Amino acid sequence: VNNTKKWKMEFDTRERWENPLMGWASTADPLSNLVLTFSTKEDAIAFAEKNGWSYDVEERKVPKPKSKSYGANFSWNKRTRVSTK
Amino acid sequence: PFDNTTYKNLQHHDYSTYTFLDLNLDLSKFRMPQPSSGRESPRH
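Heads up: the sequence lines are chains c and a, in that order.
Taken in order, the first sequence gives residues 49 to 133; the numbers are from the deposited numbering.
Taken in order, the second sequence gives residues 32 to 75; the numbers are from the deposited numbering.
So this is what it looks like as structure tokens:
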């Protein structure tokens, strides 16, 4: 989970086309490789508003706290028994 | 009388391949009724 720690500002992807000579991915987008890293959401929003970039924000999706029990693999009456191990 | 010279466990020379399972089938009539978990299997 070490890549899910920070906020990122990317941009909308533009056209990549085939180079007629080699088949390489030719672009005309200067901001195609520009990924900015921010500690919080508000830093990224302040930096987008400071530079006039119209932005949109997705919220941080954490995994919710799971309820784990190794003994639940071997219940007397519940369906949560394992049939193999 | 007292005897300490012979081997009294000579029964197992006459056991066949179904001795254990026929003994379990004989024992099946004596036993208490089994408990139930309330479902037919954990996949039910």
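Ideal Cβ placement from N, Cα and C applies to all residues, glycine included.
- In summary, the residues of the stretch 113-130 of chain c whose CB is separated from some CB of chain a by less than 9 Å are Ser-123, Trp-124, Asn-125, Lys-126, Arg-127, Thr-128, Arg-129 and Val-130, in the order they occur in the chain.
- Taking C-alpha positions only, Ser-80 (chain c) is separated from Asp-60 (chain c) by approximately 8 Å.
- Boundaries of the beta strand (DSSP E) around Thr-85 (chain c): 84-86.
- Using a CB distance below 8 Å, no part of the stretch 46-66 of chain a faces chain c.
- Bridge pairing for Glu-66 (chain c): c:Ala-73 [DSSP].
- Against chain c, a Cβ distance below 9 Å from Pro-73 (chain a) picks out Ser-123, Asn-125, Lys-126, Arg-127, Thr-128, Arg-129, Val-130 and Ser-131.
- Here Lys-56 (chain c) carries a strand assignment [DSSP, helix/strand/coil].
- Residue range 89-98 is occupied by the alpha helix (DSSP H) that includes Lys-89 (chain c).
- With 16 or more other CB atoms across the displayed protein chains lying within 10 angstroms of its CB, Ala-92 (chain c) is buried.
- DSSP places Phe-51 (chain a) in the uninterrupted alpha helix (DSSP H) bounded by 50-58.
- With contacts defined as CB atoms closer than 9 Å, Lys-56 (chain c) and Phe-86 (chain c) qualify as a contacting pair.
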